[PDB]
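J.: This is upload_11.cif, which holds mmCIF, C-alpha atoms:
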```
data_coords
#
loop_
_atom_site.label_atom_id
_atom_site.label_comp_id
_atom_site.auth_asym_id
_atom_site.auth_seq_id
_atom_site.Cartn_x
_atom_site.Cartn_y
_atom_site.Cartn_z
CA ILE A 1 119.76 162.98 -55.64
CA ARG A 2 117.65 163.05 -52.48
CA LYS A 3 120.35 163.36 -49.86
CA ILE A 4 120.37 167.11 -49.13
CA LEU A 5 116.86 168.52 -49.33
CA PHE A 6 117.39 172.14 -48.30
CA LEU A 7 114.61 174.21 -49.88
CA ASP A 8 114.51 178.02 -50.10
CA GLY A 9 111.00 179.39 -50.60
CA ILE A 10 111.96 182.81 -51.97
CA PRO B 1 105.23 161.34 -30.87
CA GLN B 2 109.01 161.64 -30.79
CA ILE B 3 110.79 160.94 -34.07
CA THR B 4 114.46 159.94 -33.93
CA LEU B 5 116.70 160.74 -36.88
CA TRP B 6 118.64 157.50 -37.42
CA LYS B 7 116.73 157.25 -40.66
CA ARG B 8 114.94 159.72 -42.96
CA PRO B 9 111.81 160.97 -41.13
CA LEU B 10 109.19 159.77 -43.61
CA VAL B 11 105.50 159.80 -42.70
CA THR B 12 102.21 159.18 -44.47
CA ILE B 13 100.20 162.23 -45.40
CA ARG B 14 96.65 162.43 -46.68
CA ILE B 15 95.28 164.91 -49.20
CA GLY B 16 91.76 164.27 -50.43
CA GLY B 17 91.67 160.55 -51.06
CA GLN B 18 95.38 160.49 -51.82
CA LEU B 19 98.03 158.88 -49.63
CA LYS B 20 101.70 159.77 -49.95
CA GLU B 21 104.95 159.31 -48.05
CA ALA B 22 106.52 162.66 -47.19
CA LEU B 23 109.64 163.79 -45.37
CA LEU B 24 109.31 165.98 -42.25
CA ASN B 25 111.84 168.60 -43.40
CA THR B 26 112.98 171.36 -41.00
CA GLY B 27 115.36 172.50 -43.71
CA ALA B 28 112.56 173.47 -46.11
CA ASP B 29 110.66 176.77 -45.93
CA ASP B 30 107.77 175.31 -47.91
CA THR B 31 105.97 172.10 -48.71
CA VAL B 32 106.44 170.58 -52.13
CA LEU B 33 104.87 167.43 -53.51
CA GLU B 34 105.54 165.19 -56.48
CA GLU B 35 102.93 165.22 -59.28
CA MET B 36 99.33 165.43 -58.10
CA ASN B 37 96.37 167.44 -59.35
CA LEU B 38 94.98 169.93 -56.85
CA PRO B 39 91.86 172.10 -57.19
CA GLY B 40 91.92 175.86 -57.54
CA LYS B 41 94.07 178.54 -59.11
CA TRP B 42 97.83 178.15 -58.98
CA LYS B 43 100.69 180.59 -59.54
CA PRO B 44 104.13 179.75 -60.99
CA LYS B 45 107.03 179.91 -58.55
CA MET B 46 110.78 179.27 -58.40
CA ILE B 47 112.26 177.53 -55.35
CA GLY B 48 115.90 176.93 -54.57
CA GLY B 49 117.76 173.83 -53.54
CA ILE B 50 121.38 172.85 -53.03
CA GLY B 51 122.02 172.56 -56.78
CA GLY B 52 119.86 175.31 -58.22
CA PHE B 53 116.21 176.26 -58.72
CA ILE B 54 113.20 174.37 -60.07
CA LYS B 55 109.84 175.69 -61.26
CA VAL B 56 106.73 174.69 -59.32
CA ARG B 57 103.02 175.48 -59.10
CA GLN B 58 101.81 177.17 -55.93
CA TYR B 59 98.39 176.17 -54.59
CA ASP B 60 96.96 177.84 -51.48
CA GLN B 61 94.68 176.76 -48.61
CA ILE B 62 95.10 173.02 -49.19
CA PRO B 63 93.90 170.77 -46.33
CA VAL B 64 96.57 168.22 -45.38
CA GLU B 65 96.50 165.47 -42.76
CA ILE B 66 99.85 164.62 -41.18
CA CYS B 67 99.89 161.66 -38.77
CA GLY B 68 96.34 162.36 -37.63
CA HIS B 69 97.05 166.09 -37.40
CA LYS B 70 95.11 168.51 -39.57
CA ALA B 71 96.95 171.31 -41.33
CA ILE B 72 95.92 173.74 -44.04
CA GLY B 73 98.23 175.88 -46.13
CA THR B 74 100.24 176.46 -49.26
CA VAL B 75 101.36 173.34 -51.13
CA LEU B 76 103.79 173.49 -54.05
CA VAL B 77 103.76 170.94 -56.86
CA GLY B 78 106.80 170.26 -59.02
CA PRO B 79 109.73 167.91 -59.80
CA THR B 80 111.02 167.38 -56.26
CA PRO B 81 112.90 164.07 -55.83
CA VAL B 82 111.03 163.53 -52.56
CA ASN B 83 107.69 164.74 -51.22
CA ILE B 84 108.52 167.36 -48.61
CA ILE B 85 106.59 168.75 -45.66
CA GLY B 86 108.10 172.15 -44.94
CA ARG B 87 108.07 174.58 -42.01
CA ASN B 88 104.83 176.21 -43.21
CA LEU B 89 102.90 173.09 -42.19
CA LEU B 90 105.23 171.73 -39.49
CA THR B 91 104.43 174.78 -37.37
CA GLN B 92 100.70 174.02 -37.58
CA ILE B 93 101.04 170.57 -36.03
CA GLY B 94 103.25 171.88 -33.24
CA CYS B 95 106.46 170.25 -34.42
CA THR B 96 109.73 171.23 -32.72
CA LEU B 97 113.39 170.15 -32.65
CA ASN B 98 114.68 169.10 -29.24
CA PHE B 99 118.12 168.28 -27.83
CA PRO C 1 116.90 173.47 -25.98
CA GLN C 2 113.60 173.36 -27.87
CA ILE C 3 113.51 175.03 -31.27
CA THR C 4 110.24 176.03 -32.91
CA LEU C 5 109.89 176.37 -36.66
CA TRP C 6 108.20 179.71 -37.39
CA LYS C 7 111.68 180.84 -38.41
CA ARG C 8 114.49 178.80 -39.99
CA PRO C 9 116.18 176.72 -37.22
CA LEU C 10 119.57 178.45 -37.33
CA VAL C 11 122.16 177.76 -34.63
CA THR C 12 125.79 178.66 -34.02
CA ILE C 13 128.40 175.96 -34.48
CA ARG C 14 132.12 175.97 -33.76
CA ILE C 15 134.54 174.17 -36.05
CA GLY C 16 138.28 174.61 -36.30
CA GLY C 17 138.09 177.56 -33.95
CA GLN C 18 135.66 179.41 -36.20
CA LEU C 19 132.04 180.30 -35.42
CA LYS C 20 129.42 179.87 -38.13
CA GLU C 21 125.64 179.92 -38.47
CA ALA C 22 124.11 176.61 -39.58
CA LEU C 23 120.67 175.22 -40.37
CA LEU C 24 119.36 172.19 -38.46
CA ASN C 25 118.11 170.15 -41.41
CA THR C 26 116.17 166.92 -40.80
CA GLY C 27 115.87 166.70 -44.59
CA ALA C 28 119.60 166.20 -45.13
CA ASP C 29 121.39 162.88 -44.63
CA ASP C 30 124.73 164.64 -44.33
CA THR C 31 126.32 167.86 -43.13
CA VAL C 32 127.40 170.36 -45.79
CA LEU C 33 129.28 173.55 -44.99
CA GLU C 34 130.35 176.49 -47.13
CA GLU C 35 133.81 176.54 -48.72
CA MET C 36 136.56 176.54 -46.10
CA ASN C 37 139.91 174.87 -45.51
CA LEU C 38 139.95 172.12 -42.91
CA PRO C 39 142.94 170.07 -41.67
CA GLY C 40 143.32 166.47 -42.77
CA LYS C 41 142.97 164.71 -46.10
CA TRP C 42 139.73 164.82 -48.07
CA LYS C 43 138.15 162.98 -50.96
CA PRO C 44 136.09 164.41 -53.83
CA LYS C 45 132.40 163.51 -53.68
CA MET C 46 129.12 164.44 -55.34
CA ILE C 47 125.88 165.05 -53.46
CA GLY C 48 122.53 166.36 -54.59
CA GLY C 49 119.05 167.54 -53.80
CA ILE C 50 116.65 170.00 -55.38
CA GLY C 51 118.31 171.51 -58.44
CA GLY C 52 120.87 168.78 -59.05
CA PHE C 53 124.35 167.81 -57.85
CA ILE C 54 127.31 169.79 -56.54
CA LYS C 55 130.91 168.71 -55.98
CA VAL C 56 132.06 168.66 -52.36
CA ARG C 57 135.15 167.76 -50.33
CA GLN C 58 134.57 165.06 -47.73
CA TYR C 59 136.42 165.29 -44.41
CA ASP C 60 136.14 162.48 -41.86
CA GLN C 61 136.14 162.45 -38.06
CA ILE C 62 135.91 166.23 -37.72
CA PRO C 63 134.99 167.62 -34.27
CA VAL C 64 132.05 170.01 -34.40
CA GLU C 65 130.37 171.84 -31.54
CA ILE C 66 126.65 172.52 -31.97
CA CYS C 67 125.06 174.84 -29.42
CA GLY C 68 127.56 173.56 -26.89
CA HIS C 69 127.02 169.90 -27.80
CA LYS C 70 130.04 168.06 -29.16
CA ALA C 71 129.99 165.80 -32.19
CA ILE C 72 132.71 164.10 -34.24
CA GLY C 73 131.86 162.94 -37.73
CA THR C 74 131.85 163.47 -41.47
CA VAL C 75 131.63 167.03 -42.80
CA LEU C 76 131.24 167.86 -46.51
CA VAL C 77 132.52 171.23 -47.77
CA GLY C 78 131.26 172.80 -50.97
CA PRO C 79 129.18 175.50 -52.74
CA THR C 80 126.09 175.10 -50.57
CA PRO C 81 123.69 178.08 -50.28
CA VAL C 82 123.69 177.77 -46.48
CA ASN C 83 125.60 175.81 -43.85
CA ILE C 84 123.66 172.60 -43.25
CA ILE C 85 123.76 170.28 -40.24
CA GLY C 86 122.37 166.91 -41.31
CA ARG C 87 121.15 163.78 -39.53
CA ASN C 88 124.65 162.31 -39.29
CA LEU C 89 125.44 164.92 -36.63
CA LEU C 90 121.90 165.57 -35.40
CA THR C 91 121.75 161.99 -34.08
CA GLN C 92 125.07 162.46 -32.27
CA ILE C 93 123.74 165.40 -30.23
CA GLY C 94 120.53 163.50 -29.51
CA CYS C 95 118.22 165.69 -31.57
CA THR C 96 114.64 164.49 -32.11
CA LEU C 97 111.54 165.86 -33.86
CA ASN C 98 108.52 166.07 -31.57
CA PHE C 99 104.81 166.93 -31.80
#
```
Could I get this file's structure written as structure tokens?
T.:
Amino acid sequence: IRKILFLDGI
Amino acid sequence: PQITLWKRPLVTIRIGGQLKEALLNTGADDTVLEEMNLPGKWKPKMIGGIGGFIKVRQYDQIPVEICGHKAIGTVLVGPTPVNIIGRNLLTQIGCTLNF
Amino acid sequence: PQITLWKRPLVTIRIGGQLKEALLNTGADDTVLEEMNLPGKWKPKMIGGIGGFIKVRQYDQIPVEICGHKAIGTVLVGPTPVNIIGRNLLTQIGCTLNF
């Protein structure tokens, strides 16, 4: 579950 | 230093008297940490990932030490599978991508 | 080149003769691109991050050009919110994090 850590702050 | 990417770029960060392993994430706009009480007022926020959005608490002006480098800024707290150091703090320690 | 992080680190990549904008993501083990048909067989796979899992199509040994630098590796295709270049290809073009 921690392979793709893209994170959008909006 | 120069951090290669053969393995996840995890580093130790210090907040108050708390130590935690966090990932230097250029793919994250903000910094989000796994469960930890912070002082001050906090506002609810929704952040998006690859699979959807999660709810987090937004705390501002939090001092954070990253590899001996001081940084102060917004820190989010919620159910992230990994502690993440986002661009908001990476810029403060002068971190860049090079190739 | 040297990329700072005040803005999202977006670069142009070329794959299968098509130009696309992609995010250099040190927080991603793999490379995930938006839905598109690529030549060669593929296998179903599941990957996750913040928000949960998504189903993707895994293609192997795919040539990708990143800012003029060539790479050949695994590319996942699926409903990702943005095109993501992960460490599997970042290491191939010799990308490092520095500060």
J.: Pull out every residue of chain A sitting within 6 Å of chain B, counting all atoms listed in the file, and send them as a PyMOL selection string.
T.: chain A and resi 2+6-9
J.: Would you mind reading off the distance between atom CA of residue 99 of chain B and atom CA of residue 11 of chain B, one decimal, in Å?
T.: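 Calculated distance between atom CA of residue 99 of chain B and atom CA of residue 11 of chain B is 21.3 Å.
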J.: Counting all atoms listed in the file, which residue out of C:54, C:33, C:72, C:59 sits closest to chain B?
T.: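 Nearest candidate to chain B out of C:54, C:33, C:72, C:59: C:54.
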J.: Hand me chain B as it sits after a least-squares fit onto chain C over every Cα, paired in order, written as a compact mmCIF listing (two decimals) with C-alpha atoms, keeping the file's coordinate frame.
T.:
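superposed37.txt, freshly written:
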```
# COMPACT_ATOMS: atom_id res chain seq x y z
CA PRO B 1 116.22 173.08 -25.75
CA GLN B 2 113.08 173.03 -27.87
CA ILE B 3 113.33 174.77 -31.24
CA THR B 4 110.10 175.94 -32.89
CA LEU B 5 109.95 176.18 -36.66
CA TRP B 6 108.29 179.56 -37.27
CA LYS B 7 111.63 180.60 -38.68
CA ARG B 8 114.63 178.78 -40.18
CA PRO B 9 116.36 176.84 -37.35
CA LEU B 10 119.76 178.52 -37.51
CA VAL B 11 122.33 177.98 -34.76
CA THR B 12 125.96 178.86 -34.16
CA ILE B 13 128.46 176.07 -34.61
CA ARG B 14 132.13 176.01 -33.71
CA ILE B 15 134.91 174.27 -35.61
CA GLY B 16 138.44 174.99 -34.45
CA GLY B 17 138.46 178.72 -33.86
CA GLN B 18 135.80 179.25 -36.50
CA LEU B 19 132.23 180.34 -35.80
CA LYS B 20 129.45 179.83 -38.34
CA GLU B 21 125.67 179.95 -38.52
CA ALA B 22 124.25 176.61 -39.64
CA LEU B 23 120.78 175.22 -40.26
CA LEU B 24 119.58 172.21 -38.23
CA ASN B 25 118.38 170.21 -41.26
CA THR B 26 116.41 166.96 -40.77
CA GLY B 27 116.05 166.82 -44.53
CA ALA B 28 119.79 166.39 -45.13
CA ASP B 29 121.62 163.05 -44.85
CA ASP B 30 124.94 164.82 -44.40
CA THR B 31 126.54 167.99 -43.14
CA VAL B 32 127.86 170.46 -45.67
CA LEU B 33 129.59 173.76 -45.01
CA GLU B 34 130.43 176.80 -47.09
CA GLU B 35 134.13 177.40 -47.85
CA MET B 36 136.49 176.61 -44.99
CA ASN B 37 139.84 174.85 -44.88
CA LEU B 38 139.89 171.66 -42.84
CA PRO B 39 142.89 169.47 -41.97
CA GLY B 40 143.43 165.98 -43.32
CA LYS B 41 142.79 164.02 -46.49
CA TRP B 42 139.56 164.61 -48.36
CA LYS B 43 137.75 162.64 -51.06
CA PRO B 44 135.61 164.10 -53.87
CA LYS B 45 131.88 163.44 -53.61
CA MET B 46 128.62 164.27 -55.40
CA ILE B 47 125.54 165.15 -53.34
CA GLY B 48 122.03 165.75 -54.58
CA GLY B 49 119.59 168.54 -53.95
CA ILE B 50 116.21 169.58 -55.28
CA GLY B 51 117.70 170.98 -58.50
CA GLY B 52 120.57 168.62 -59.19
CA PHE B 53 123.98 167.61 -57.83
CA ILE B 54 127.01 169.59 -56.69
CA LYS B 55 130.59 168.44 -56.13
CA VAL B 56 132.00 168.63 -52.61
CA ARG B 57 135.04 167.55 -50.59
CA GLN B 58 134.48 164.94 -47.90
CA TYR B 59 136.48 165.28 -44.68
CA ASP B 60 136.14 162.69 -41.91
CA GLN B 61 136.34 162.74 -38.09
CA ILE B 62 135.91 166.51 -37.74
CA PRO B 63 135.10 167.75 -34.21
CA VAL B 64 132.09 170.10 -34.24
CA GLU B 65 130.42 171.96 -31.39
CA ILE B 66 126.69 172.55 -31.77
CA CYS B 67 125.02 174.69 -29.08
CA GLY B 68 127.41 173.45 -26.41
CA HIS B 69 127.09 169.87 -27.66
CA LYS B 70 130.15 168.05 -28.95
CA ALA B 71 129.88 166.00 -32.13
CA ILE B 72 132.48 164.39 -34.36
CA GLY B 73 131.94 163.11 -37.87
CA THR B 74 132.05 163.59 -41.60
CA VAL B 75 131.82 167.19 -42.83
CA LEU B 76 131.42 168.05 -46.51
CA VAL B 77 132.72 171.30 -47.99
CA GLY B 78 131.31 172.78 -51.18
CA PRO B 79 129.06 175.45 -52.77
CA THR B 80 125.99 175.02 -50.56
CA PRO B 81 123.85 178.19 -50.35
CA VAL B 82 123.55 177.64 -46.60
CA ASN B 83 125.71 175.86 -44.03
CA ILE B 84 123.87 172.67 -43.17
CA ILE B 85 123.99 170.36 -40.16
CA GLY B 86 122.71 167.01 -41.38
CA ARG B 87 121.38 163.84 -39.73
CA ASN B 88 124.90 162.41 -39.33
CA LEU B 89 125.61 164.96 -36.59
CA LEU B 90 122.05 165.64 -35.39
CA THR B 91 121.88 162.06 -34.13
CA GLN B 92 125.00 162.59 -32.01
CA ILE B 93 123.51 165.47 -30.03
CA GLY B 94 120.28 163.56 -29.43
CA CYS B 95 118.09 165.68 -31.68
CA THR B 96 114.55 164.48 -32.43
CA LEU B 97 111.37 165.74 -34.11
CA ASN B 98 108.31 165.85 -31.86
CA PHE B 99 104.60 166.47 -32.43
```
J.: Using the chain letters and numbering of this document, enumerate as a list in words the residues selected by the PyMOL selection byres ((chain C and resi 97) around 10).
T.: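 Selected by the PyMOL selection byres ((chain C and resi 97) around 10) here: residues 1, 2, 3, 4, 5, 9, 24, 25, 26, 95, 96, 97, 98 and 99 of chain B; 2, 3, 26, 95, 96, 98 and 99 of chain C.
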J.: Save out the residues we just selected, C-alpha atoms, as a compact mmCIF listing (two decimals), in the coordinates of the input.
T.:
```txt
# COMPACT_ATOMS: atom_id res chain seq x y z
CA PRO B 1 105.23 161.34 -30.87
CA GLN B 2 109.01 161.64 -30.79
CA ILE B 3 110.79 160.94 -34.07
CA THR B 4 114.46 159.94 -33.93
CA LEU B 5 116.70 160.74 -36.88
CA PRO B 9 111.81 160.97 -41.13
CA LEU B 24 109.31 165.98 -42.25
CA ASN B 25 111.84 168.60 -43.40
CA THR B 26 112.98 171.36 -41.00
CA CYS B 95 106.46 170.25 -34.42
CA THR B 96 109.73 171.23 -32.72
CA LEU B 97 113.39 170.15 -32.65
CA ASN B 98 114.68 169.10 -29.24
CA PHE B 99 118.12 168.28 -27.83
CA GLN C 2 113.60 173.36 -27.87
CA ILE C 3 113.51 175.03 -31.27
CA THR C 26 116.17 166.92 -40.80
CA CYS C 95 118.22 165.69 -31.57
CA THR C 96 114.64 164.49 -32.11
CA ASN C 98 108.52 166.07 -31.57
CA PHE C 99 104.81 166.93 -31.80
```
J.: Please report the interatomic distance between atom CA of residue 88 of chain C and atom CA of residue 7 of chain B in Å with one decimal.
T.: 9.5 Å
J.: To one decimal in Å, tell me the separation between atom CA of residue 91 of chain B and atom CA of residue 37 of chain B.
T.: 24.5 Å
J.: Please put the answer as AutoDock Vina command-line options: centre and edge lengths, in Å with one decimal, of a box along x, y and z that encloses all listed atoms of segment 85-93 of chain C plus 4 Å on each side.
T.:
```
--center_x 123.3 --center_y 166.1 --center_z -35.8 --size_x 12.3 --size_y 16.3 --size_z 19.1
```
J.: Would you translate the PyMOL selection byres ((chain B and resi 60) around 7) into the concrete set of residues it matches in this file, as a ChimeraX atom specification?
T.: /B:58-59,61-62,73-75
J.: Given the choices C:10, C:21, C:42, C:63, which gets closest to chain B if the distance is worked out from all atoms listed in the file?
T.: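 Answer, going by the shortest atom-to-atom distance: C:10.
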J.: Show me as number ranges by chain the residues that reach within 9 Å of (126.1, 171.4, -29.9), counting all atoms listed in the file and using the file's own coordinates.
T.: B: 99; C: 11-14, 64-71, 93
J.: My structure is short of atoms at segment 39-68 of chain C; please model N, CA and C atoms there, returning them as an mmCIF file, in the coordinates of the input.
T.:
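Below is the file result26.cif, written as the result:
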```cif
data_model
loop_
_atom_site.group_PDB
_atom_site.id
_atom_site.type_symbol
_atom_site.label_atom_id
_atom_site.label_comp_id
_atom_site.auth_asym_id
_atom_site.auth_seq_id
_atom_site.Cartn_x
_atom_site.Cartn_y
_atom_site.Cartn_z
ATOM 1 N N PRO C 39 141.749 170.923 -41.758
ATOM 2 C CA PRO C 39 142.940 170.070 -41.670
ATOM 3 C C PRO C 39 142.583 168.626 -41.988
ATOM 4 N N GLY C 40 143.564 167.862 -42.452
ATOM 5 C CA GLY C 40 143.320 166.470 -42.770
ATOM 6 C C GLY C 40 143.054 166.258 -44.242
ATOM 7 N N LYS C 41 143.197 165.021 -44.700
ATOM 8 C CA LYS C 41 142.970 164.710 -46.100
ATOM 9 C C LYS C 41 141.471 164.746 -46.386
ATOM 10 N N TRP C 42 141.126 164.810 -47.665
ATOM 11 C CA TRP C 42 139.730 164.820 -48.070
ATOM 12 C C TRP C 42 139.606 164.135 -49.415
ATOM 13 N N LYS C 43 138.406 163.656 -49.707
ATOM 14 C CA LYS C 43 138.150 162.980 -50.960
ATOM 15 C C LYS C 43 137.034 163.695 -51.691
ATOM 16 N N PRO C 44 137.114 163.744 -53.028
ATOM 17 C CA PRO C 44 136.090 164.410 -53.830
ATOM 18 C C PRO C 44 134.821 163.567 -53.749
ATOM 19 N N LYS C 45 133.669 164.221 -53.739
ATOM 20 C CA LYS C 45 132.400 163.510 -53.680
ATOM 21 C C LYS C 45 131.332 164.363 -54.353
ATOM 22 N N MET C 46 130.230 163.727 -54.725
ATOM 23 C CA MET C 46 129.120 164.440 -55.340
ATOM 24 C C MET C 46 127.855 164.136 -54.560
ATOM 25 N N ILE C 47 127.129 165.190 -54.205
ATOM 26 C CA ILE C 47 125.880 165.050 -53.460
ATOM 27 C C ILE C 47 124.839 165.912 -54.166
ATOM 28 N N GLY C 48 123.571 165.595 -53.948
ATOM 29 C CA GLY C 48 122.530 166.360 -54.590
ATOM 30 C C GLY C 48 121.273 166.569 -53.774
ATOM 31 N N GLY C 49 120.324 167.242 -54.409
ATOM 32 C CA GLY C 49 119.050 167.540 -53.800
ATOM 33 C C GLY C 49 118.261 168.294 -54.858
ATOM 34 N N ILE C 50 117.421 169.222 -54.431
ATOM 35 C CA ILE C 50 116.650 170.000 -55.380
ATOM 36 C C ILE C 50 117.603 170.838 -56.232
ATOM 37 N N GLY C 51 117.446 170.747 -57.548
ATOM 38 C CA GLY C 51 118.310 171.510 -58.440
ATOM 39 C C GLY C 51 119.446 170.716 -59.057
ATOM 40 N N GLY C 52 119.792 169.572 -58.477
ATOM 41 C CA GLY C 52 120.870 168.780 -59.050
ATOM 42 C C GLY C 52 122.014 168.478 -58.093
ATOM 43 N N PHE C 53 123.172 168.136 -58.649
ATOM 44 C CA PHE C 53 124.350 167.810 -57.850
ATOM 45 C C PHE C 53 125.345 168.961 -57.725
ATOM 46 N N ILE C 54 126.231 168.838 -56.742
ATOM 47 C CA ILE C 54 127.310 169.790 -56.540
ATOM 48 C C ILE C 54 128.501 168.926 -56.125
ATOM 49 N N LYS C 55 129.706 169.436 -56.343
ATOM 50 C CA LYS C 55 130.910 168.710 -55.980
ATOM 51 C C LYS C 55 131.332 169.217 -54.607
ATOM 52 N N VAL C 56 131.648 168.293 -53.708
ATOM 53 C CA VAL C 56 132.060 168.660 -52.360
ATOM 54 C C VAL C 56 133.341 167.937 -51.961
ATOM 55 N N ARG C 57 133.950 168.386 -50.867
ATOM 56 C CA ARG C 57 135.150 167.760 -50.330
ATOM 57 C C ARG C 57 134.705 167.071 -49.047
ATOM 58 N N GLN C 58 134.971 165.779 -48.926
ATOM 59 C CA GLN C 58 134.570 165.060 -47.730
ATOM 60 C C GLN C 58 135.699 164.918 -46.723
ATOM 61 N N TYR C 59 135.458 165.394 -45.504
ATOM 62 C CA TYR C 59 136.420 165.290 -44.410
ATOM 63 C C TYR C 59 135.816 164.354 -43.372
ATOM 64 N N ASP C 60 136.622 163.435 -42.852
ATOM 65 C CA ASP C 60 136.140 162.480 -41.860
ATOM 66 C C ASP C 60 136.602 162.790 -40.441
ATOM 67 N N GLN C 61 135.847 162.275 -39.477
ATOM 68 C CA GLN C 61 136.140 162.450 -38.060
ATOM 69 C C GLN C 61 136.511 163.868 -37.658
ATOM 70 N N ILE C 62 135.678 164.825 -38.048
ATOM 71 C CA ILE C 62 135.910 166.230 -37.720
ATOM 72 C C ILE C 62 135.079 166.605 -36.495
ATOM 73 N N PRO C 63 135.711 167.217 -35.481
ATOM 74 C CA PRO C 63 134.990 167.620 -34.270
ATOM 75 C C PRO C 63 134.185 168.878 -34.541
ATOM 76 N N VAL C 64 132.905 168.853 -34.197
ATOM 77 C CA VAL C 64 132.050 170.010 -34.400
ATOM 78 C C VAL C 64 131.251 170.253 -33.130
ATOM 79 N N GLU C 65 131.122 171.513 -32.736
ATOM 80 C CA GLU C 65 130.370 171.840 -31.540
ATOM 81 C C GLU C 65 129.074 172.540 -31.961
ATOM 82 N N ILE C 66 127.936 171.956 -31.598
ATOM 83 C CA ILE C 66 126.650 172.520 -31.970
ATOM 84 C C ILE C 66 125.881 172.969 -30.741
ATOM 85 N N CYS C 67 125.751 174.282 -30.575
ATOM 86 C CA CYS C 67 125.060 174.840 -29.420
ATOM 87 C C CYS C 67 125.609 174.230 -28.142
ATOM 88 N N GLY C 68 126.931 174.116 -28.071
ATOM 89 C CA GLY C 68 127.560 173.560 -26.890
ATOM 90 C C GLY C 68 127.644 172.046 -26.845
#
```
